[PDB]
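Below is one structure, written out as structure tokens, with a few remarks after it.
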Amino acid sequence: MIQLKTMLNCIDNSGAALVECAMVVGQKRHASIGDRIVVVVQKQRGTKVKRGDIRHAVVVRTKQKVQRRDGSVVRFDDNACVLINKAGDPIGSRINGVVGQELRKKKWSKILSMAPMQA
Amino acid sequence: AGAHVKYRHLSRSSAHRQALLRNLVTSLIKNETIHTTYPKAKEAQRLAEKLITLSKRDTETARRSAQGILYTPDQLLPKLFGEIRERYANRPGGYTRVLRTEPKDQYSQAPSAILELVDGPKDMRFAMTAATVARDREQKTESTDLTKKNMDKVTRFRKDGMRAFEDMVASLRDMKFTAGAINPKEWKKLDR
Amino acid sequence: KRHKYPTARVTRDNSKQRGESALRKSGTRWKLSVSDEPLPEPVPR
Amino acid sequence: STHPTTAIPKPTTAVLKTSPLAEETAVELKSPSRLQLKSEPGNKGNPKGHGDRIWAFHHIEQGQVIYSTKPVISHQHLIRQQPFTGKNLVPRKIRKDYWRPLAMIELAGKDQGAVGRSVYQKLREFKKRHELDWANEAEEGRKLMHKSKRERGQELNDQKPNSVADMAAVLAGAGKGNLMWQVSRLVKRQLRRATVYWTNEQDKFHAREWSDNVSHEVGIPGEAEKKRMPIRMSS
Amino acid sequence: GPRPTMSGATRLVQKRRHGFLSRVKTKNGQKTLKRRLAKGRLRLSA
Amino acid sequence: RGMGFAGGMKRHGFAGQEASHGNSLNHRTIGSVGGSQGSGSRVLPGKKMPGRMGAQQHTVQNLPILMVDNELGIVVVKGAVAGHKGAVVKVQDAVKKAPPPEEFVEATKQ
Amino acid sequence: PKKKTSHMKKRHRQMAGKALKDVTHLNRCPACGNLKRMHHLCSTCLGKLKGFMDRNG
RNA sequence: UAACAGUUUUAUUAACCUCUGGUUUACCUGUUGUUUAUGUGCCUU
RNA sequence: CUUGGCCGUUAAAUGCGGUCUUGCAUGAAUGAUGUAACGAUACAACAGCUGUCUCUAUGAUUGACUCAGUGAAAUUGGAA
RNA sequence: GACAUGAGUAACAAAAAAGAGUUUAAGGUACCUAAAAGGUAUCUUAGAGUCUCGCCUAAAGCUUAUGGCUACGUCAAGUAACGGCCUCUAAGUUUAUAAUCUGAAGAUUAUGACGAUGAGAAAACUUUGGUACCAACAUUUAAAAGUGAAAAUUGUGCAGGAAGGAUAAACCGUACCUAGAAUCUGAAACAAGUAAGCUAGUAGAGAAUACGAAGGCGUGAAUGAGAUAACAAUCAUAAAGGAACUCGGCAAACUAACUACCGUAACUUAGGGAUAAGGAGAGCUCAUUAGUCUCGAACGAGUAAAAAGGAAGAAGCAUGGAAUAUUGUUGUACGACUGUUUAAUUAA
RNA sequence: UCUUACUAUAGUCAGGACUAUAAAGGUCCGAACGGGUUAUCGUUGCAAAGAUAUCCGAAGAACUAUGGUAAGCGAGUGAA
Ligand SMILES: [K+]
Ligand SMILES: [K+]
Ligand SMILES: [K+]
Ligand SMILES: [K+]
Ligand SMILES: [K+]
Ligand SMILES: [K+]
Ligand SMILES: [K+]
Ligand SMILES: [K+]
Ligand SMILES: [Mg+2]
Ligand SMILES: [Mg+2]
Ligand SMILES: [Mg+2]
Ligand SMILES: [Mg+2]
Ligand SMILES: [Mg+2]
Ligand SMILES: [Mg+2]
Ligand SMILES: [Mg+2]
Ligand SMILES: [Mg+2]
Ligand SMILES: [Mg+2]
Ligand SMILES: [Mg+2]
Ligand SMILES: [Mg+2]
Ligand SMILES: [Mg+2]
Ligand SMILES: [Mg+2]
Ligand SMILES: [Mg+2]
Ligand SMILES: [Mg+2]
Ligand SMILES: [Mg+2]
Ligand SMILES: [Mg+2]
Ligand SMILES: [Mg+2]
Ligand SMILES: [Mg+2]
Ligand SMILES: [Mg+2]
Ligand SMILES: [Mg+2]
Ligand SMILES: [Mg+2]
Ligand SMILES: [Mg+2]
Ligand SMILES: [Mg+2]
Ligand SMILES: [Mg+2]
Ligand SMILES: [Mg+2]
Ligand SMILES: [Mg+2]
Ligand SMILES: [Mg+2]
Ligand SMILES: [Mg+2]
Ligand SMILES: [Mg+2]
Ligand SMILES: [Mg+2]
Ligand SMILES: [Mg+2]
Ligand SMILES: [Mg+2]
Ligand SMILES: [Mg+2]
Ligand SMILES: [Mg+2]
Ligand SMILES: [Mg+2]
Ligand SMILES: [Mg+2]
Ligand SMILES: [Mg+2]
Ligand SMILES: [Mg+2]
Ligand SMILES: [Zn+2]
């Protein structure tokens, strides 16, 4: 459940290390796995994104439990995301870490294509 | 707005409500009967019947739980696992009885009751039924179906049984306890 | 007393008159030499 | 934790019957002590003269009693001998105009100071067991349990009658380890001679019966000098 | 509003201020006594 | 399910007021109840206010039938149903859906 | 209060539906035949029987 | 034919505890200080 | 005049800090000016922290409600 | 002035708390019994007590003051175990005297008198100026040891620390109350306020914190019994997020105490900053012991001795285990600083 | 007899820490005690100035007690 002023961990090679949520795109309810948001980069890693840049991101895993159709619930230890452009393509070329499996149904095939392990 | 109450709180705190029930069950076992308010007699009845179930167990966990309910275990534990255990060996539940009475305190006019131990030395329904049979035999009347039903209730599980009930009736006639009792055949003719 | 220094292990009850009252008839704390005999009864005033 | 006894018949070590509950008399509940089987116990580790005389003071209005080895009492006695018996019932000090000598016990042995320190010990333990563990006065006699906490504390302050019955008991061998016995163990035992000085001749009749080893004298030494004349029944 | 100005008040300061000797021994105090005596007061002072 | 006398938050979803920024005794209250003289000088009919809530009939529409067991006597339906366990409910074909096939309506009658 | 409540309206509130209800759940006692309350014990027999079991037993 | 696999989102109103959580002031377990009652309790000949 | 211009801080600065050759109407014991230390003074930022909030829910006690006892007050031209 | 309305409504909620027996006096009922009486049971009024439970506890306990619309059998030559009266005087007062000044009233200086909040011989019998002084602070001292006073000894700092007199038992006080349970001040039976001494023990550096022995209390029906809705007060917990709240982090939460531990920046009036920051340790069991102590016979043994002690070990989610001590850092304005201020809306 | 200042005689300030001192400091942490910073409650209140929590000082320009002095044409006292 990502909302305004929520700190996330960016797990792609786009240049950001810690982004802050500024807007939930397309809904009023707090964003869960596979939902769009507008973040503000607060930390970087050493056309990368500079600290203070505004980008769109996709929640890949959250710390709030996510129930599934078959009753299987998942819970991660932190809230993460990957930066995207307004068109919907990921900025980064590689994702390091486990991503949520709820991205398949939410039309995020490209993000899962380079996802090493799904949970 | 929330859930319903599990039991009666009796306008007391948690710690104060547990000591009230441990004191009512302590006075009941010690004295065999208590006269209190009806809500207290019904809240202590559930704890008095769960303490007598611990007196019919063979494990030590029951002896430690019964020690944590009474306020003078050293003086009352022998009676619990002694006389009380022997009395209720054959009875499957229902060791206590709550009987409504007139307000014990006339200032507040609060409904009161008498919590007592069945088949005990101070059973009020055993003496009230013996006084009804003592008045029926001294007035040449016929006991009602409700009296015959109570005569069997108070004599089924009692040790001496009928013999202890006939002696109670005999003592209530040699004492003239039914003197001045209005005959039941003249109740329809009395306005007051 | 084996150890006498002022820091010796304390194993005595420093509250001498513990649970002791005359109005409530609590009784003597310890057993005295006169505790096994009947209290002498005087002639009233 | 305390343990109160019950007013049940028990045996006495004294030669007389102290109370009606006393079943037997002159019963040996323990072998003679070290100094009991001794013809002449002495003031081994006490000052010269200590133990030869024992004074007893009492409140002439309320009956509170105090025992002292010296001819005068101090503030230590009032604190260490008077238990709390209610509000406004324990004096904050000793008032010279209320406290007078009740009696004075003098032993025959002019230097057996150890025999007096024992009599003073049983008198103080009996007085403590009269203000505490008074099961024999709860439902009989004064019936202290049938009185209010105020009146009950006023009857507990009146230890003058009890104290006199304590003297006839202790001086008659009451108590275990009483040093007023004398076992020869050649095994015959007897009681040591004693003398009791009374400021009031009528104060010695609180004891139903006195032993045969006590002699009663009127007036206490040092009383006449204070212009206080003793009370004589015969007059 | 009023205050508790008589808390801790002693009765020795009542005789020194509004006592009888404080009035018979002073020129202005004889007036008070004579005034109160003419009116018929019983409590001339304190 | 009966809920007794309910307030404004539970009965009408009122947001309530602040918790610590100076609020005096008005944390769960309804607030204002209408306008002044120009609005009628009265509380208007239909005003949402505290009162008893629950213990009223409620219909749930379009619930499929998952299981039908004659021996047990149960008819399992998807979703939730109004009331407490042990309460009597009325089950009937949906009104916003086409009736069951003609063949079935005759088979059951047969 | 803006105006004093009249006698008519104050009598409406005090007696309209607030009459004292007469207890009709009474029945005689089986041991003595006194008027006791339904489902309740006879107070005259309770005290007497409670005192009769204390003397002898 | 069988089998296997896939067949919207947001907002809002209400109901509802199967699931995921929150709560648990007479439930179980662990534990600190201290008091009270009961039992028990050192060495040696 | 005015949210003065510029820079830093904020995703966004009428604020804060720095700076200007910046004074409708700064100024030198009605003292001028800059530090250490001190401050329940006033303003601003960071980290942590949290029911402050997203968005409330449940639980406890005392009142609130009912029965018994005692028994006020402001107020009131009269009121269907 | 009387009597209405609100209204038989609010209120009798200091977050201590009550439960079950027993009993005395007088009186009111019902029955027994009709020879009145008495007996049994119950209710009312005014009490008393027992068992259990809880609350206060460096108090809500005890002993006493100030004081008192509570009540009158409260008892002293003095010390131990007592004040006043009485003697001496301070700050001061004076319709005392003298002198002087002054529209009268009065005022002034000196002397006298009076004036405690101070000083006053002896007793567990008794009647000169550091050769100093008895302000503060520290130190030392009634010899088995420790502790708390008294008085004295010695020393330190500057802010430089009274006066005077000496040296056979009268008269007055004496009861109760000390503010959480019937008494003082607050218009009152008010959740406020008021002096001195004592104020168990465990545990600690401690009068902190927690428990609480005795004691008192859990109010004069000025209340009691139920029920446990909204809402209010006072609290507890909380998914994910963590100031998005708001004039503003208001409130709340985090943090916290302790060790003879480690370490600690810019700047600085060189003292500080600083307990900066940031880290480590803690309870239970135990190897080990130079001395001290104990036991037996130099040595041996012992923590049913105080301590020391270690990279030892055990169990649990957790050993600052419960309670007590309320974040850290940074840039400015104002005023150097500690302090003072509108008793009861502004504390700056 | 409140309160303000002065005055005489008296009393009180657990414990710990730093500092040149055994004792030399309008030093530090923190009870008693003394203040009354912020907040909520209360507002015909328990109180015509109270309750709870929090906060400040706590060897000093400190606090407290029993007396005394100065107040009402002019103004007594006043860290104002
Ligand atoms: K005033
Ligand atoms: K509030
Ligand atoms: K209207
Ligand atoms: K659920
Ligand atoms: K005198
Ligand atoms: K003149
Ligand atoms: K939360
Ligand atoms: K209000
Ligand atoms: Mg109630
Ligand atoms: Mg508790
Ligand atoms: Mg007295
Ligand atoms: Mg005063
Ligand atoms: Mg229901
Ligand atoms: Mg809200
Ligand atoms: Mg209109
Ligand atoms: Mg379920
Ligand atoms: Mg339990
Ligand atoms: Mg100038
Ligand atoms: Mg200036
Ligand atoms: Mg009522
Ligand atoms: Mg109304
Ligand atoms: Mg109402
Ligand atoms: Mg009410
Ligand atoms: Mg009667
Ligand atoms: Mg003089
Ligand atoms: Mg004096
Ligand atoms: Mg009060
Ligand atoms: Mg108080
Ligand atoms: Mg009063
Ligand atoms: Mg304390
Ligand atoms: Mg008291
Ligand atoms: Mg009570
Ligand atoms: Mg959480
Ligand atoms: Mg904001
Ligand atoms: Mg906003
Ligand atoms: Mg705050
Ligand atoms: Mg460790
Ligand atoms: Mg483990
Ligand atoms: Mg300042
Ligand atoms: Mg200051
Ligand atoms: Mg003000
Ligand atoms: Mg004054
Ligand atoms: Mg200081
Ligand atoms: Mg401090
Ligand atoms: Mg002030
Ligand atoms: Mg203020
Ligand atoms: Mg400070
Ligand atoms: Zn009957």
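Chains: A, B, ... in order of the structure tokens. Residues: from 1 per chain. Ligands: from 1, in order shown.
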request  = For region 16-31 of chain G, work out the shell of residues within 12 Å, counting only C-alpha atoms (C1' of nucleotides) and skipping chain neighbours fewer than 3 positions away, then give it as a PyMOL selection string.
outcome  = (chain B and resi 125+127-139+141+143-144+146-147+169+172+177-188+190-192) or (chain G and resi 8-13+34-46+48-49)
task = Taking only C-alpha atoms (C1' of nucleotides) into account, report as a PyMOL selection string which residues of chain J lie within 6 Å of chain A.
result = chain J and resi 240-241+244
Save the residues we just selected, N, CA, C and O atoms (P, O5', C5', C4', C3', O3' and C1' of nucleotides), as a PDB file, in the first residue's frame?
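The result, stored in selection30.pdb:
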```pdb
ATOM      1  P     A J 240       2.997  -3.368   9.290  1.00  0.00           P
ATOM      2  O5'   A J 240       2.936  -2.528   7.942  1.00  0.00           O
ATOM      3  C5'   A J 240       2.828  -3.187   6.692  1.00  0.00           C
ATOM      4  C4'   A J 240       2.400  -2.243   5.601  1.00  0.00           C
ATOM      5  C3'   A J 240       3.064  -0.879   5.603  1.00  0.00           C
ATOM      6  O3'   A J 240       4.369  -0.892   5.053  1.00  0.00           O
ATOM      7  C1'   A J 240       0.743  -0.610   5.320  1.00  0.00           C
ATOM      8  P     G J 241       5.534  -0.027   5.739  1.00  0.00           P
ATOM      9  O5'   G J 241       5.133   1.473   5.395  1.00  0.00           O
ATOM     10  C5'   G J 241       4.961   1.880   4.048  1.00  0.00           C
ATOM     11  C4'   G J 241       4.272   3.216   3.955  1.00  0.00           C
ATOM     12  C3'   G J 241       4.914   4.367   4.707  1.00  0.00           C
ATOM     13  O3'   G J 241       6.039   4.913   4.043  1.00  0.00           O
ATOM     14  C1'   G J 241       2.573   4.391   5.048  1.00  0.00           C
ATOM     15  P     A J 244       3.857  17.210   5.248  1.00  0.00           P
ATOM     16  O5'   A J 244       2.862  16.172   4.564  1.00  0.00           O
ATOM     17  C5'   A J 244       2.342  16.412   3.267  1.00  0.00           C
ATOM     18  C4'   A J 244       1.166  15.520   2.960  1.00  0.00           C
ATOM     19  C3'   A J 244      -0.012  15.605   3.916  1.00  0.00           C
ATOM     20  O3'   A J 244      -0.855  16.712   3.640  1.00  0.00           O
ATOM     21  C1'   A J 244       0.479  13.331   3.417  1.00  0.00           C
TER      22        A J 244
END
```
task = Write out as number ranges by chain all residues of chain G that DSSP puts in strand (DSSP E) for this structure's backbone.
result = G: 26-28, 35-37
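The shortest atom-to-atom distance to chain F, with only C-alpha atoms (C1' of nucleotides) taken into account, belongs to H:18 out of H:31, H:9, H:18, H:38.
Distance-wise, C1' of residue 182 (chain J) and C1' of residue 10 (chain J) end up 26.8 Å apart.
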Using only C-alpha atoms (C1' of nucleotides) and all ligand atoms, which protein or nucleic acid residues are at most 9 Å from ligand 9, as a PDB file with N, CA and C atoms (P, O5', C5', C4', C3', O3' and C1' of nucleotides), in the first residue's frame?
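Result saved to result.pdb:
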```
ATOM      1  N   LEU B  10     -20.681  -5.735  36.344  1.00  0.00           N
ATOM      2  CA  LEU B  10     -21.099  -5.402  37.704  1.00  0.00           C
ATOM      3  C   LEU B  10     -20.549  -4.055  38.157  1.00  0.00           C
ATOM      4  N   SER B  11     -20.271  -3.171  37.205  1.00  0.00           N
ATOM      5  CA  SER B  11     -19.766  -1.831  37.484  1.00  0.00           C
ATOM      6  C   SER B  11     -18.560  -1.902  38.419  1.00  0.00           C
ATOM      7  N   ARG B  12     -17.559  -2.656  37.975  1.00  0.00           N
ATOM      8  CA  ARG B  12     -16.323  -2.840  38.716  1.00  0.00           C
ATOM      9  C   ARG B  12     -15.167  -2.945  37.737  1.00  0.00           C
TER      10      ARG B  12
ATOM     11  P     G J 224     -22.382   4.455  47.306  1.00  0.00           P
ATOM     12  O5'   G J 224     -23.527   3.374  47.066  1.00  0.00           O
ATOM     13  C5'   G J 224     -23.860   2.435  48.074  1.00  0.00           C
ATOM     14  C4'   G J 224     -25.105   1.655  47.734  1.00  0.00           C
ATOM     15  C3'   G J 224     -25.069   0.816  46.468  1.00  0.00           C
ATOM     16  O3'   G J 224     -24.359  -0.400  46.613  1.00  0.00           O
ATOM     17  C1'   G J 224     -27.101   2.001  46.559  1.00  0.00           C
ATOM     18  P     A J 225     -23.784  -1.157  45.316  1.00  0.00           P
ATOM     19  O5'   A J 225     -25.086  -1.661  44.551  1.00  0.00           O
ATOM     20  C5'   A J 225     -25.906  -2.679  45.105  1.00  0.00           C
ATOM     21  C4'   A J 225     -27.036  -3.048  44.179  1.00  0.00           C
ATOM     22  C3'   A J 225     -26.636  -3.483  42.780  1.00  0.00           C
ATOM     23  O3'   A J 225     -26.224  -4.836  42.716  1.00  0.00           O
ATOM     24  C1'   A J 225     -28.384  -1.909  42.635  1.00  0.00           C
ATOM     25  P     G J 226     -25.525  -5.390  41.382  1.00  0.00           P
ATOM     26  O5'   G J 226     -26.699  -5.349  40.311  1.00  0.00           O
ATOM     27  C5'   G J 226     -26.421  -5.312  38.921  1.00  0.00           C
ATOM     28  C4'   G J 226     -27.629  -4.865  38.143  1.00  0.00           C
ATOM     29  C3'   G J 226     -27.455  -4.774  36.636  1.00  0.00           C
ATOM     30  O3'   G J 226     -27.623  -6.025  35.994  1.00  0.00           O
ATOM     31  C1'   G J 226     -28.493  -2.803  37.444  1.00  0.00           C
TER      32        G J 226
END
```
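Every residue of chain A found in helix (DSSP H, G or I) when DSSP is run on the backbone appears here: residues 101, 102, 103, 109, 110, 111, 112 and 113 of chain A.
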Only N, CA, C and O atoms, please: the residues just picked out, written as an mmCIF file, in the first residue's frame.
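Done, and the output landed in again.cif:
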```cif
data_model
loop_
_atom_site.group_PDB
_atom_site.id
_atom_site.type_symbol
_atom_site.label_atom_id
_atom_site.label_comp_id
_atom_site.auth_asym_id
_atom_site.auth_seq_id
_atom_site.Cartn_x
_atom_site.Cartn_y
_atom_site.Cartn_z
ATOM 1 N N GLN A 101 4.508 -11.262 -8.427
ATOM 2 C CA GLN A 101 3.925 -12.004 -9.536
ATOM 3 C C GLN A 101 2.599 -11.420 -10.006
ATOM 4 O O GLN A 101 2.003 -11.958 -10.945
ATOM 5 N N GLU A 102 2.131 -10.338 -9.388
ATOM 6 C CA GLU A 102 0.893 -9.686 -9.793
ATOM 7 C C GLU A 102 1.073 -8.773 -10.997
ATOM 8 O O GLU A 102 0.094 -8.173 -11.452
ATOM 9 N N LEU A 103 2.292 -8.654 -11.519
ATOM 10 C CA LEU A 103 2.548 -7.828 -12.690
ATOM 11 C C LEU A 103 2.063 -8.477 -13.977
ATOM 12 O O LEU A 103 1.834 -7.771 -14.964
ATOM 13 N N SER A 109 4.324 -7.173 -19.096
ATOM 14 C CA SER A 109 5.156 -8.241 -19.640
ATOM 15 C C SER A 109 6.616 -7.816 -19.749
ATOM 16 O O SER A 109 7.522 -8.594 -19.430
ATOM 17 N N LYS A 110 6.863 -6.585 -20.201
ATOM 18 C CA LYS A 110 8.236 -6.126 -20.392
ATOM 19 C C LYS A 110 9.017 -6.141 -19.084
ATOM 20 O O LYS A 110 10.196 -6.513 -19.062
ATOM 21 N N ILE A 111 8.380 -5.740 -17.984
ATOM 22 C CA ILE A 111 9.067 -5.718 -16.698
ATOM 23 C C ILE A 111 9.397 -7.133 -16.242
ATOM 24 O O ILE A 111 10.440 -7.372 -15.623
ATOM 25 N N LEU A 112 8.520 -8.093 -16.535
ATOM 26 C CA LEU A 112 8.776 -9.479 -16.166
ATOM 27 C C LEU A 112 9.773 -10.157 -17.095
ATOM 28 O O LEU A 112 10.382 -11.158 -16.704
ATOM 29 N N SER A 113 9.953 -9.638 -18.311
ATOM 30 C CA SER A 113 10.880 -10.259 -19.250
ATOM 31 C C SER A 113 12.300 -10.272 -18.698
ATOM 32 O O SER A 113 13.035 -11.250 -18.880
#
```
inquiry  = If the limit is 12 Å from any atom of ligand 28, counting only C-alpha atoms (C1' of nucleotides) and all ligand atoms, which residues qualify? Return them as a PyMOL selection string.
reply    = chain J and resi 14+56+59-60+178-181+191-194
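Selecting all polymer residues at most 8 Å from ligand 34, using only C-alpha atoms (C1' of nucleotides) and all ligand atoms, gives residues 243, 244, 245 and 246 of chain J.
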Take the residues just selected and output them with N, CA, C and O atoms (P, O5', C5', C4', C3', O3' and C1' of nucleotides) as a PDB file, in the first residue's frame.
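File written: again-v6.pdb
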```
ATOM      1  P     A J 243       7.015  11.829   6.934  1.00  0.00           P
ATOM      2  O5'   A J 243       5.946  12.971   7.226  1.00  0.00           O
ATOM      3  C5'   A J 243       4.763  13.091   6.445  1.00  0.00           C
ATOM      4  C4'   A J 243       3.947  14.291   6.853  1.00  0.00           C
ATOM      5  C3'   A J 243       4.744  15.567   7.105  1.00  0.00           C
ATOM      6  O3'   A J 243       3.951  16.703   6.768  1.00  0.00           O
ATOM      7  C1'   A J 243       3.637  14.938   9.083  1.00  0.00           C
ATOM      8  P     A J 244       3.857  17.210   5.248  1.00  0.00           P
ATOM      9  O5'   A J 244       2.862  16.172   4.564  1.00  0.00           O
ATOM     10  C5'   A J 244       2.342  16.412   3.267  1.00  0.00           C
ATOM     11  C4'   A J 244       1.166  15.520   2.960  1.00  0.00           C
ATOM     12  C3'   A J 244      -0.012  15.605   3.916  1.00  0.00           C
ATOM     13  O3'   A J 244      -0.855  16.712   3.640  1.00  0.00           O
ATOM     14  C1'   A J 244       0.479  13.331   3.417  1.00  0.00           C
ATOM     15  P     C J 245      -1.041  17.897   4.710  1.00  0.00           P
ATOM     16  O5'   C J 245      -1.522  17.158   6.034  1.00  0.00           O
ATOM     17  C5'   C J 245      -2.775  16.492   6.084  1.00  0.00           C
ATOM     18  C4'   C J 245      -3.347  16.502   7.477  1.00  0.00           C
ATOM     19  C3'   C J 245      -3.658  17.873   8.060  1.00  0.00           C
ATOM     20  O3'   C J 245      -4.924  18.370   7.658  1.00  0.00           O
ATOM     21  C1'   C J 245      -2.424  16.610   9.631  1.00  0.00           C
ATOM     22  P     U J 246      -5.060  19.816   6.971  1.00  0.00           P
ATOM     23  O5'   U J 246      -4.570  20.827   8.099  1.00  0.00           O
ATOM     24  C5'   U J 246      -5.279  20.960   9.322  1.00  0.00           C
ATOM     25  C4'   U J 246      -4.417  21.592  10.384  1.00  0.00           C
ATOM     26  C3'   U J 246      -3.859  22.968  10.060  1.00  0.00           C
ATOM     27  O3'   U J 246      -4.785  24.013  10.303  1.00  0.00           O
ATOM     28  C1'   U J 246      -2.126  21.595  10.882  1.00  0.00           C
TER      29        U J 246
END
```
task = Residues of chain F near chain I: apply a cut-off of 9 Å, count only C-alpha atoms (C1' of nucleotides), and supply the list as a PyMOL selection string.
result = chain F and resi 15+18-21
With N, CA, C and O atoms retained, export the selected residues as a short mmCIF file (atom, residue, chain, number, x, y, z; two decimals), in the first residue's frame.
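Once everything was written out, this is again_2.cif:
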```cif
data_model
loop_
_atom_site.label_atom_id
_atom_site.label_comp_id
_atom_site.auth_asym_id
_atom_site.auth_seq_id
_atom_site.Cartn_x
_atom_site.Cartn_y
_atom_site.Cartn_z
N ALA F 15 -17.31 11.89 8.54
CA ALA F 15 -15.86 11.87 8.70
C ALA F 15 -15.44 12.15 10.13
O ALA F 15 -14.37 11.70 10.56
N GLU F 18 -11.36 16.82 14.03
CA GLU F 18 -9.96 16.64 14.37
C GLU F 18 -9.81 15.95 15.73
O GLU F 18 -10.75 15.83 16.51
N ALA F 19 -8.58 15.51 16.00
CA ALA F 19 -8.25 14.76 17.21
C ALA F 19 -7.47 15.55 18.23
O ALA F 19 -7.71 15.40 19.43
N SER F 20 -6.54 16.40 17.81
CA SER F 20 -5.65 17.09 18.73
C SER F 20 -5.47 18.58 18.47
O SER F 20 -5.00 19.28 19.36
N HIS F 21 -5.83 19.08 17.29
CA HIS F 21 -5.56 20.48 16.95
C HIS F 21 -6.65 21.39 17.53
O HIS F 21 -7.35 22.11 16.83
#
```
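Counting only C-alpha atoms (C1' of nucleotides), residue 108 (chain B) has the following residues at most 12 Å away, ignoring those fewer than 4 positions along the same chain: residues 37, 102, 103, 104 and 112 of chain B; 67, 68 and 69 of chain I; 221, 223, 224, 225 and 226 of chain J.
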query = Which value, in Å to one decimal, gives the distance between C1' of residue 85 (chain J) and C1' of residue 127 (chain J)?
reply = 18.9 Å
request  = Find the residues around region 40-44 of chain A up to 8 Å (only C-alpha atoms (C1' of nucleotides) counted), leave out those fewer than 4 positions away in its own chain, and share them as a ChimeraX atom specification.
outcome  = /A:15-22,49-55 /I:11
message = Could you list, as a ChimeraX atom specification, every residue within 12 Å of residue 24 (chain C), counting only C-alpha atoms (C1' of nucleotides) and ignoring same-chain residues fewer than 6 positions away?
response = /D:2,4,84-86,131-135,138,144-145,148-149,152-153,156 /J:49-50,214-215
Within 10 Å of ligand 29, counting only C-alpha atoms (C1' of nucleotides) and all ligand atoms: which residues, as a PDB file with C-alpha atoms (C1' of nucleotides), in the first residue's frame?
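Output (result-v1.pdb):
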```pdb
ATOM      1  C1'   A J 179      -7.540  17.387  57.006  1.00  0.00           C
ATOM      2  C1'   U J 183     -13.614  19.445  64.110  1.00  0.00           C
ATOM      3  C1'   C J 184      -8.215  24.295  61.383  1.00  0.00           C
ATOM      4  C1'   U J 185      -8.374  28.696  56.618  1.00  0.00           C
ATOM      5  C1'   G J 186     -11.099  28.614  51.636  1.00  0.00           C
ATOM      6  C1'   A J 188     -19.687  24.586  53.488  1.00  0.00           C
ATOM      7  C1'   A J 189     -19.388  17.825  55.500  1.00  0.00           C
ATOM      8  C1'   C J 190     -15.189  22.013  49.497  1.00  0.00           C
TER       9        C J 190
END
```
Protein and nucleic acid residues within 12 Å of ligand 15 (only C-alpha atoms (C1' of nucleotides) and all ligand atoms) as a PyMOL selection string = chain F and resi 36-44
Would you write out, as a Markdown table, a table of all residues in chain C that have an atom no more than 9 Å from an atom of chain D, listing for each the closest atom pair and the distance in Å to one decimal, considering only C-alpha atoms and ordering rows by chain and rising residue number?
```
| residue | atom | partner | partner_atom | distance |
| --- | --- | --- | --- | --- |
| C:18 | CA | D:1 | CA | 7.0 |
| C:19 | CA | D:1 | CA | 5.8 |
| C:20 | CA | D:2 | CA | 7.0 |
| C:21 | CA | D:132 | CA | 6.9 |
| C:22 | CA | D:132 | CA | 4.9 |
| C:23 | CA | D:85 | CA | 6.1 |
| C:24 | CA | D:132 | CA | 8.4 |
| C:25 | CA | D:133 | CA | 5.2 |
| C:26 | CA | D:4 | CA | 6.1 |
| C:27 | CA | D:4 | CA | 4.2 |
| C:28 | CA | D:2 | CA | 5.7 |
| C:29 | CA | D:2 | CA | 4.4 |
| C:30 | CA | D:2 | CA | 7.1 |
| C:31 | CA | D:3 | CA | 8.6 |
| C:32 | CA | D:125 | CA | 7.3 |
| C:33 | CA | D:176 | CA | 5.2 |
| C:34 | CA | D:175 | CA | 4.8 |
| C:35 | CA | D:129 | CA | 7.5 |
| C:36 | CA | D:10 | CA | 7.6 |
| C:37 | CA | D:12 | CA | 5.6 |
| C:38 | CA | D:10 | CA | 6.0 |
| C:39 | CA | D:19 | CA | 6.8 |
| C:40 | CA | D:18 | CA | 4.8 |
| C:41 | CA | D:19 | CA | 5.1 |
| C:42 | CA | D:206 | CA | 5.1 |
| C:43 | CA | D:206 | CA | 4.5 |
| C:44 | CA | D:206 | CA | 6.8 |
| C:45 | CA | D:161 | CA | 7.2 |
```
